[PDB]
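The next block holds one structure in the form of structure tokens; read it before the comments.
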Amino acid sequence: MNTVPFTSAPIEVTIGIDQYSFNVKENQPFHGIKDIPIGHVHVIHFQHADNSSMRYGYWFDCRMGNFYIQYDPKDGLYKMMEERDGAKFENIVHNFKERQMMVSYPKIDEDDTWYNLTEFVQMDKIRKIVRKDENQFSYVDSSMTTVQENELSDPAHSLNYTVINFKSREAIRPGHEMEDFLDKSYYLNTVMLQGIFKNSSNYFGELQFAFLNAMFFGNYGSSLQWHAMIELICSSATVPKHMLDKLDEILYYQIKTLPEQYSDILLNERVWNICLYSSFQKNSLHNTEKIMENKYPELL
Amino acid sequence: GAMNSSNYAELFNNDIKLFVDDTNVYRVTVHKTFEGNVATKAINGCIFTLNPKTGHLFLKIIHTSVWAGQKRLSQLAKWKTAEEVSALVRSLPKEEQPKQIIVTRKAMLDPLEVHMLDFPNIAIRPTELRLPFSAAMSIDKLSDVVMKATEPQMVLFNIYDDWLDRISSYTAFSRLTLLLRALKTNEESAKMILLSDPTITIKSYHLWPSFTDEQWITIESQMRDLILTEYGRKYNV
């Protein structure tokens with residue numbers, strides 16, 4: 001188990017840690033989250049009581065350092081920082097636990113939800129998408145734009161998701177225009193898997209990260225990337241059988257975890273009807289089809 | 001964006017643009033098999049690529065052989081149209097390449113766009129208009145060269161004959177579409193109107209009769225009357 005202490009909580013805020021969240025009152029004595037499971041990435045996020053616009057937060061991995069939260073009143077947000085003094089850190093953590101001012105990462109033991117949502121997400125790949133190499137953790141928020149969006153403005157603060165574009169030279173071999181546009185298999189398997197992602201676990205990790213950013217921050221370009229990466233698989237006639245079975249699990253847990261009231265803006269009608277009913281893979285997402293039908297039959 | 005009655009006049013500016021109509025690319029007759037099932041038999045077709053400002057028509061004849069052994073032909077026809085339009089663009093000197101291509105059917109957007117990826121500065125555009133270019137095959141000389149073709153072939157025409165020696169491109173296109181509209185709504189009456197008088201002939205290098213200005217006024221009036229007549233009949237109005 002690891003701990004992320006908080007210097008203070010000066011302003012009323014809803015704090016999230018992975019899929020969990022708590023309400024914290026202005027200058028309430030709150031000094032962190034404990035019992036956080038080592039072994040996966042995590043995200044701690046924030047929504048100030050006074051500005052329901054902008055959700056923001058930090059992706060991190062306890063294995064890569066001792067991380068804590070401090071409110072910055074000039075910039076007006078909770079900031080994650082790294083403590084290099086291993087001793088000073090255990091000392092703050094121990095003293096705060098003794099005084100019982102920390103909330104416990106509330107994992108139900110049966111629950112594999114977070115693992116299922118983050119199976120393929122790696123901190124090293126996140127830091128490539130959110131480039132800020134002076135920190136071991138990565139900041140994301142509601143407004144950040146993606147690289148592809150900027151092509152249609154500040155590069156430092158952008159989400160460098162891998163660019164997918166169905167009407168591009170990269171997606172279409174000259175002479176196989178119709179074949180490659182109806183059957184995206186060569187784009188998925190040669191260009192994207194073998195070429196850029198190297199393997200499906202990185203593709204999956206980026207797909208999953210894009211979903212979580214869409215879900216926790218309502219990041220619109222992240223939702224776009226998630227849907228593109230699903231569509232590319234569903235629109236390929238020829239996919240490794242192991243990718244199909246693992247995609248069905250991945251989507252199942254994403255659809256299951258989604259807040260019911262956000263299904264309108266977070267789920268693209270066209271993609272999902274194509275994946276589930278028209279695409280080559282209509283019959284290959286049994287668990288995702290079943291949960292989508294019983295929980296969101298309106299969208300279809 | 002899409003082309004409608006507002007931005008009609010853009011057609012006649014000096015930006016090169018082509019209309020593409022694919023309605024006549026994949027043409028079949030439907031008949032009964034010996035066992036009583038239904039089968040299709042393909043006949044020769046054509047892409048109707050038209051510069052509305054100059055009247056130049058690039059009539060790409062589509063030979064039934066193209067369909068030989070292929071499935072989902074109606075979908076394939078769209079991709080073949082785009083391949084041929086792309087090859088026509090590539091075949092033209094740069095200064096003759098269109099700055100826009102307007103497709104008469106929205107289904108042609110994705111195939112053309114994919115085929116034109118090598119020409120990113122050529123805008124592919126749909127239209128809201130209801131253009132009557134499917135009736136090109138009611139023009140006898142166009143129907144004849146298409147049906148006689150034994151091999152893929154490109155035939156060039158000016159669909160305005162010599163009209164532009166005397167009228168503007170706005171006017172020529174309005175005459176063309178009136179004539180085609182009429183031919184679409186009641187071909188037999190439209191053709192009767194054009195050919196009633198045997199002393200007004202079609203030049204060998206033309207498609208339409210050599211009407212004087214005054215005879216064109218009468219013709220256009222008769223075509224309008226035909227169209228309104230057929231409209232009252234369709235809707236009992």
- Message: Once the cut-off is 25 Å, how many percent of the Cα-Cα pairs in chain B end up in the long-distance tail?
- Response: 46
- Computed lengthening from B:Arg125 to B:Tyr8, 0.36 nm per intervening residue step minus Cα-Cα distance: 40.8 nm
- Item | Rough spin-label spacing in nm, given labels placed 7 Å along Cα→Cβ, for A:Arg270 and B:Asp165 | 5.0
- Task: Return the whole-Å distance between the Cα centroid of region A:223-268 and the Cα centroid of region B:27-98.
- Result: 38
- Would you mind getting the Kirkwood hydrodynamic radius of the protein assembly as shown from its Cα pairs, rounded to one decimal in Å? 28.3
- Item | For chain B, the longest site-free run once chymotrypsin sites (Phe, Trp or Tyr not before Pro) in DSSP loop states with at most 14 other Cβ atoms within 10 Å are removed | B:35-204
- Query: What shape does region A:1-75 take by its C-alpha gyration tensor, where a ≥ b ≥ c are the square roots of the eigenvalues and a/c under 1.5 counts as rounded, a/b above b/c as prolate, and the rest as oblate?
  - Reply: prolate
- Note on the structure: Of all DSSP beta bridges having both residues in region B:9-163, the percent classed as antiparallel (nearest 5) is 75
- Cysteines without a disulfide-compatible neighbour (Cβ-Cβ under 4.7 Å), the protein assembly as shown: A:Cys62, B:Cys46
- Message: Let me confirm one metric for peptide B:106-118, namely the mean number of other chain beta-carbon atoms within 10 Å of its residues' beta-carbons.
- Response: 3
- So how long is each side of region B:107-164 along the principal axes, counting just the alpha-carbon atoms, biggest first, in Å? 36, 29, 23
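Report the calculated FRET efficiency for A:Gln19 and A:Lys125 (r = Cβ-Cβ distance, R0 = 22 Å), to the nearest 0.05. Could the numbers behind the result be given before it?
On the way: r = 21 Å, r/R0 = 0.94.
After rounding, the FRET efficiency stands at 0.60.
If R₀ is 30 angstrom, what is the calculated FRET efficiency for the pair A:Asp154 and A:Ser52, using the beta carbon separation as r and rounding to 0.05? Could you put the intermediate results ahead of the total?
Working: r = 24 Å, r/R0 = 0.81.
According to the calculation, E is roughly 0.80.
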- Query: For region B:161-220, what ratio Rg/Rh do Cα atoms give with a Kirkwood hydrodynamic radius?
  - Reply: 0.94
- Item | Simple label model, 7 Å out from Cα along Cβ direction - B:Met154 to A:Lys79, nm | 6.5
- Between region B:167-211 and region A:15-90, how many Å separate their Cα centres? 78
- Message: Ignoring trypsin sites (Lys or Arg not before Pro) that are buried or in helix or strand per DSSP, and keeping those with at most 14 other beta carbon atoms within 10 Å, what is the longest stretch of chain B between them?
- Response: B:1-70
- Message: Going Cα to Cα from A:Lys246, which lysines come in below 20 Å? Please leave out same-chain ones fewer than 8 positions away.
- Response: A:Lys125, A:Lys184, A:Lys198, A:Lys256, A:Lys282, A:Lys290
- Unit Cα scatterers, Debye sum, chain A: log10 I(q)/I(0) for q = 0.12, 0.15 Å⁻¹: -0.82, -1.21
- Query: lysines near B:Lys60 by alpha-carbon distance under 23 Å, same-chain residues fewer than 8 away left out - which ones?
  - Reply: B:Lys17, B:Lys41, B:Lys71, B:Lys78, B:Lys80, B:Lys94, B:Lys99, B:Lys106, B:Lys141, B:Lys148, B:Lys184, B:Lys203
- Taking every DSSP beta bridge that has both residues in the protein assembly as shown, what percent is antiparallel when rounded to the nearest 5? 80
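We place every Cβ from the backbone using ideal geometry, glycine too, and count neighbours over all the protein chains shown. Coordinate-derived values only; no laboratory data.
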